[PDB]
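J.: Submitted below is the structure of interest, expressed as structure tokens.
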Amino acid sequence: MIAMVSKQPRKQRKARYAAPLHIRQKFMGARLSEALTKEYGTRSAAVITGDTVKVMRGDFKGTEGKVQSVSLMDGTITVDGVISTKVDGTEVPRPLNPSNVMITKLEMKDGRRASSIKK
Amino acid sequence: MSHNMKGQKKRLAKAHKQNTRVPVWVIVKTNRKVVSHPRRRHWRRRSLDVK
Amino acid sequence: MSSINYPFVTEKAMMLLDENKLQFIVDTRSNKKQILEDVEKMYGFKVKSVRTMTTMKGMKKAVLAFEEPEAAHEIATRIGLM
Amino acid sequence: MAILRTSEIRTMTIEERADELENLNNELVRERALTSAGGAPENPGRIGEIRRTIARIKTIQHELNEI
RNA sequence: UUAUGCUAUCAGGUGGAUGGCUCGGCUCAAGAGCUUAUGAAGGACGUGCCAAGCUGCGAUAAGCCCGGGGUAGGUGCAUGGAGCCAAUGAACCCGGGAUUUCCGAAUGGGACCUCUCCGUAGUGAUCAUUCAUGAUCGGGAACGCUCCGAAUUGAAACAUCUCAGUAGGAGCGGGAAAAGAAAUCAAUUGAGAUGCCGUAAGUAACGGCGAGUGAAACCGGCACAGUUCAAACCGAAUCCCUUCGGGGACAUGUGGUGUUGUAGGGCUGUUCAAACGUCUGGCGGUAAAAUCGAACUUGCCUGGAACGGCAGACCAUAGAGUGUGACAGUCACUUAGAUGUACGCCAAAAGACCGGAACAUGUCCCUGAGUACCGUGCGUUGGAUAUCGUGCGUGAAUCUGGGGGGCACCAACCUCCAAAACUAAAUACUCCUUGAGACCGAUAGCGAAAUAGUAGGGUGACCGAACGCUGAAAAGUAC
RNA sequence: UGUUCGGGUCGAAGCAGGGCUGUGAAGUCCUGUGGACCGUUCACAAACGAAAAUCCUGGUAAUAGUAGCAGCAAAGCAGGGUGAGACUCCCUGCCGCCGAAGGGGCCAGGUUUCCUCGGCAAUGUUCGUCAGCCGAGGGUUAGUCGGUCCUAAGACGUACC
RNA sequence: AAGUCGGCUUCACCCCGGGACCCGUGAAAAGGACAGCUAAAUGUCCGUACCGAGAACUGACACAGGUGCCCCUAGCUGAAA
């Protein structure tokens, strides 16, 4: 969150860079699918490790997979199937920005998830 | 064999254990971005301003 | 406030076990009386004497000579040294 | 999970808390003694979690007026 | 094959300019504004599994506990290994607690030393008429008040003067401080606390009358607020502590009345009746983290990657902006606009309480002393025989009184009542918070885009750097 | 900066070289390189233009493979090892230095240089496998040795002034 | 492995005593002794490595300087260090 109090690039980027962890949680937001947005009443939600998302920008547009990992400090997610093959030949996962993906299936093992997404 | 008190010897010990290189794992963690250190010194140079 | 930090396990410190002495890193604030009483409370062994030095790491080392034979070995086994 | 929680500490008794504190001190002594040999600990986080559990126990004790 | 060389270009090395980017700096505006013996700021030492610096923390040591928001990750700068923690709701943020070594106002004594001695376990020093207890000490970017106080420089030298009550010093001290309700300013007859701004005005005034220095009143504004003692009259009718029994102060006067100028108050008498103010009360505002907040991630092309081009679809009280693999109102955070919020702060209705205001009468009483004034010396001032201060000397009056009206005295007229006390607001400043910017953009901008008052230099007072950038992703080059 | 009109991943700025225009300050374009920003109309501003200051900061030449590595003090040689590499590190022998100091003990001062293992990018005036260098680990034990106690010249604290 | 004996000398070290000089007349206080013997307990804290110098200090240096010195120094020659 950064209000129109400060329209200065220095203050916006400082706020993003020194955002606390509870604010970096909100940086993991991604667009919900049409069904999910209709059945939740919100347009976006935070990507969580486990739920299925479709990558819609980058080299891996259209791939659906489960979030393997989430780094809040990096602001990145790790999705099943989104990998870079390294000079060894072994496959490392390529971190993605959550704004480049779209949630298609939500993980609902946590009862707090509904109010987490909205309200 | 100059004679130090407890605090003087403690401060000399602190200086001695400060006089160490940055850990290799620290260098790896910082990606060769923290390799240097301001408290490196040699014993036969400008002495400590500690004692 | 316990004066004893932990048993000190180096070659010279392990050489004490064969003469029934045991070496500890202790709080530098504490003195020989406090170290003796705290060790006696900690392990239930009567301490015959305490020798103490200060190191260039800023630590204090204490070699404890016990009165009961095998007390050093038994404390080392209780801690997990032996 | 951790060694023992705040609810567990408040559930135990005074002597139970003292006994657990003594056991934790013994484990900390043993682990610091192992680290004294230079070799890496078998559980690097074990030492720190023991220290924080000891701090939690002491804080509960001070709240409960034991110390 | 002409070497050693010379000139030009090209390739490469060194180097780190240029360009671009920038979580930094600087300035301005709006807020907010004290803290410490219940041990502050600052420093030393310790504290991490591998941890040396910084940062945080204090032997419970990059941390512990409780409540709220947040919810799936976390383990600082700083994605390395291995573990640990977390759905018993962590991390993080807001509030409240605990722990909190030694030095340090530092305060049992001493400190060469940050420790050490006695341990009788510590009210160190100076103080407060109950000896129960209480106050002061140090710190704070600048600002505020009191006092002490240069020279360079200008005068084209220099001494009065100027520089300048500046620089610097000492004391005190808060969120502001100081001042503050005329012994005033006026001028023919008026105004009516103080402060600050504008103007008066480079005027009056001072001045080798040179150079220069330099007001105030009136008037226009910001903000507005008035009062309490001493005494006269009464005479313990009071105030404080308390273990609620009592104790302390107090007739050398606690308390009631009273507080001032075309005089006021007291005492005597008559009348009208009681305004301001203090307390209770918490309607309602303000108010933590924080919550919600529209509308595309559609086709083709280019591309590693669209936020681009060309078509298409939408929102707008939201087209400020930032991030996202290239230019994004519709991808994310946001934004416009609404919500919520513990402790607190202000706060209206409605109640409890001391009480207020006129006149008549007058051989009546009271109304601030080394004070006001004056002589002389010195400083300061525009203050000139007419500024203020204070050293010495001298020194009054009491309402039929006293002071002022820019030399003294006389007279007239006008004006006030000192020598005791308090008092919000308008004002100053910027450690700090927020915002903004024809500001700088890494030799600039703070010295510091910082492991920066650091490395380093000086015995010390003190002086003081350099160093930003892989890439979309380590995919950090297997064999 | 306001404002008008634009360019750019089908490659902006910058950079090296070149073509054209303009008297010129300069502008524009081409090739290469570069990888994300840049111009333009009318106006307005300034921390606005460098060849000079024994200018400042940084970088880097000629000097130049030059001086120095020569008084210390007679300084090494043979053989055998170690090692990828040996005048320079280790052993034996010979030959030498100091020998009322260059040996021994210790104050102040230093502050880990002490010991062991593993190294040689820098340091060592050459080399180096060696090392007071680099990295890792270890090492200092007191009733009797000192401080601690006492007071000296003389400081410091409190009180008074 | 011997490990037993004698003699000489002896500084620059220890004890003791004498003399001379005054011109500096050459410290103080703690402590100790003079009434103690026996038996148990206690004796805390700090320093302690190593250099102490033609390479461990200081002079920017592994610097021909300087830095407390020793109440430290063996045989011959020689008065003798």
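Ordering of the structure tokens sets the chain letters (A, B, ...), residue numbers begin anew at 1 in every chain, and ligands are numbered from 1 in the order given.
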Within 10 Å of residue 22 of chain E, counting only C-alpha atoms (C1' of nucleotides), which residues qualify if same-chain residues fewer than 6 places away don't, as a ChimeraX atom specification?

T.: /A:10 /E:441-442,449,468-469

J.: Identify all chain D residues at most 7 Å from chain C by counting only C-alpha atoms; ligands do not count. Present them as a list in words.

T.: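 On the chain D side, the interface is residues 29, 30, 32, 33, 36 and 37 of chain D.
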
J.: For the atom pair atom CA of residue 87 of chain A and atom CA of residue 58 of chain A, what is the interatomic distance in Å to one decimal place?

T.: 21.6 Å

J.: Compile the residues of chain C that lie within 12 Å of chain E, evaluated using only C-alpha atoms (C1' of nucleotides), and express the compilation as a PyMOL selection string.

T.: chain C and resi 1-5+26-30+57-59

J.: Can I get the selected residues back with N, CA, C and O atoms, as a compact mmCIF listing (two decimals), in the first residue's frame?

T.:
# COMPACT_ATOMS: atom_id res chain seq x y z
N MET C 1 22.07 -17.65 38.18
CA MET C 1 23.14 -17.45 37.22
C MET C 1 24.23 -18.52 37.37
O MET C 1 24.99 -18.51 38.34
N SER C 2 24.29 -19.43 36.40
CA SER C 2 25.29 -20.49 36.43
C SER C 2 26.60 -19.96 35.87
O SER C 2 26.64 -19.36 34.79
N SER C 3 27.69 -20.20 36.60
CA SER C 3 29.00 -19.79 36.13
C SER C 3 29.52 -20.72 35.04
O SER C 3 30.28 -20.29 34.17
N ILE C 4 29.12 -21.98 35.08
CA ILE C 4 29.63 -22.98 34.14
C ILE C 4 28.89 -22.81 32.81
O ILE C 4 27.66 -22.88 32.76
N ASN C 5 29.64 -22.58 31.74
CA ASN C 5 29.08 -22.54 30.40
C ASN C 5 28.99 -23.94 29.79
O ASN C 5 27.91 -24.37 29.38
N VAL C 26 33.83 -20.87 31.74
CA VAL C 26 32.92 -20.35 32.74
C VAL C 26 32.71 -18.86 32.51
O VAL C 26 33.40 -18.22 31.72
N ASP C 27 31.72 -18.31 33.22
CA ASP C 27 31.49 -16.87 33.20
C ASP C 27 32.68 -16.13 33.78
O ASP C 27 33.17 -16.46 34.87
N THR C 28 33.15 -15.11 33.06
CA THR C 28 34.30 -14.35 33.54
C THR C 28 33.93 -13.45 34.71
O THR C 28 34.83 -13.00 35.44
N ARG C 29 32.64 -13.17 34.91
CA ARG C 29 32.23 -12.41 36.08
C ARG C 29 32.47 -13.19 37.37
O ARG C 29 32.85 -12.61 38.39
N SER C 30 32.25 -14.50 37.33
CA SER C 30 32.27 -15.32 38.53
C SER C 30 33.70 -15.58 39.00
O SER C 30 34.67 -15.41 38.25
N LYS C 57 40.75 -15.10 23.96
CA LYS C 57 39.42 -15.02 23.37
C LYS C 57 38.45 -14.23 24.23
O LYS C 57 37.28 -14.07 23.84
N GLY C 58 38.89 -13.74 25.38
CA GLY C 58 38.03 -13.10 26.35
C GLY C 58 37.26 -14.04 27.23
O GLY C 58 36.37 -13.60 27.96
N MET C 59 37.59 -15.33 27.20
CA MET C 59 36.94 -16.35 28.00
C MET C 59 37.71 -16.57 29.29
O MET C 59 38.87 -16.17 29.43

J.: With only C-alpha atoms considered, list every residue of chain B at most 10 Å from chain C, as a list in words.

T.: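 The answer, sorted by residue number, is residues 6, 7, 9, 10, 11, 12, 13, 14, 15, 16 and 17 of chain B.
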
J.: Take the residues from that selection and put them in a file with C-alpha atoms, as an mmCIF file, in the first residue's frame.

T.:
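Saved the output as again26.cif:
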data_model
loop_
_atom_site.group_PDB
_atom_site.id
_atom_site.type_symbol
_atom_site.label_atom_id
_atom_site.label_comp_id
_atom_site.auth_asym_id
_atom_site.auth_seq_id
_atom_site.Cartn_x
_atom_site.Cartn_y
_atom_site.Cartn_z
ATOM 1 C CA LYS B 6 41.149 -7.406 33.277
ATOM 2 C CA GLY B 7 39.388 -4.887 31.050
ATOM 3 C CA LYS B 9 43.190 -7.714 28.393
ATOM 4 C CA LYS B 10 39.528 -8.190 27.461
ATOM 5 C CA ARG B 11 39.743 -5.342 24.943
ATOM 6 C CA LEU B 12 42.967 -6.762 23.506
ATOM 7 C CA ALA B 13 41.210 -10.119 23.132
ATOM 8 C CA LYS B 14 38.325 -8.399 21.346
ATOM 9 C CA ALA B 15 40.775 -6.717 18.975
ATOM 10 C CA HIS B 16 42.495 -10.050 18.327
ATOM 11 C CA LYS B 17 39.278 -11.882 17.501
#

J.: Near residue 43 of chain F, counting only C-alpha atoms (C1' of nucleotides), which residues have an atom at most 12 Å away, once you skip same-chain residues fewer than 5 positions from it, shown as a PyMOL selection string?

T.: chain F and resi 1-4

J.: Select residues of chain D: the criterion is any atom within 10 Å of an atom of chain E, counting only C-alpha atoms (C1' of nucleotides); output as a count of residues only.

T.: 31

J.: Please return, as a list in words, all residues of chain C lying within 7 Å of chain F when only C-alpha atoms (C1' of nucleotides) are considered.

T.: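 The selection requested is residues 51, 52 and 53 of chain C.
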
J.: Would you put the residues from that selection into a file with N, CA and C atoms, as a compact mmCIF listing (two decimals), in the first residue's frame?

T.:
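Okay, out_7.txt is ready:
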# COMPACT_ATOMS: atom_id res chain seq x y z
N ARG C 51 41.42 -24.04 39.67
CA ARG C 51 42.43 -23.20 39.05
C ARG C 51 41.77 -22.44 37.91
N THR C 52 42.10 -21.16 37.76
CA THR C 52 41.42 -20.34 36.77
C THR C 52 42.42 -19.48 36.02
N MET C 53 42.15 -19.30 34.73
CA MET C 53 42.92 -18.40 33.88
C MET C 53 41.97 -17.69 32.94

J.: Give me, as JSON, numbers by chain, all polymer residues having an atom no more than 8 Å from residue 31 of chain C, counting only C-alpha atoms (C1' of nucleotides) and skipping those fewer than 3 positions away in the same chain.

T.: {"C": [28, 34, 35], "G": [44, 45]}

J.: Keeping C-alpha atoms (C1' of nucleotides), export the residues of the selection given above as a PDB file, in the first residue's frame.

T.:
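Result file part-v2.pdb:
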ATOM      1  CA  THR C  28      34.296 -14.349  33.544  1.00  0.00           C
ATOM      2  CA  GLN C  34      31.031 -19.335  42.861  1.00  0.00           C
ATOM      3  CA  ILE C  35      32.437 -21.784  40.307  1.00  0.00           C
TER       4      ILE C  35
ATOM      5  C1'   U G  44      38.966 -14.303  46.796  1.00  0.00           C
ATOM      6  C1'   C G  45      40.416 -10.856  42.388  1.00  0.00           C
TER       7        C G  45
END

J.: Considering only alpha helix (DSSP H) as DSSP defines it on the backbone, what residues of chain B qualify? List them as a ChimeraX atom specification.

T.: /B:6-18,24-30

J.: What does the distance between atom CA of residue 15 of chain D and atom CA of residue 34 of chain D come to in Å, to one decimal place?

T.: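 About the pair atom CA of residue 15 of chain D and atom CA of residue 34 of chain D: they are 28.6 Å apart.
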
J.: With a cut-off of 9 Å and counting only C-alpha atoms (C1' of nucleotides), select all residues of chain B in contact with chain G and give the selection as number ranges by chain.

T.: B: 1-6, 43-44, 46

J.: Output C-alpha atoms for every residue in the selection just made, as a short mmCIF file (atom, residue, chain, number, x, y, z; two decimals), in the first residue's frame.

T.:
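Saved file out-v7.cif follows:
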data_model
loop_
_atom_site.label_atom_id
_atom_site.label_comp_id
_atom_site.auth_asym_id
_atom_site.auth_seq_id
_atom_site.Cartn_x
_atom_site.Cartn_y
_atom_site.Cartn_z
CA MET B 1 55.55 -8.35 29.75
CA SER B 2 53.61 -5.16 30.32
CA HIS B 3 50.89 -5.78 32.89
CA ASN B 4 47.28 -5.26 31.84
CA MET B 5 44.18 -5.22 33.97
CA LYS B 6 41.15 -7.41 33.28
CA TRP B 43 50.22 -6.52 14.66
CA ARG B 44 53.39 -4.79 13.40
CA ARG B 46 50.11 1.44 13.63
#
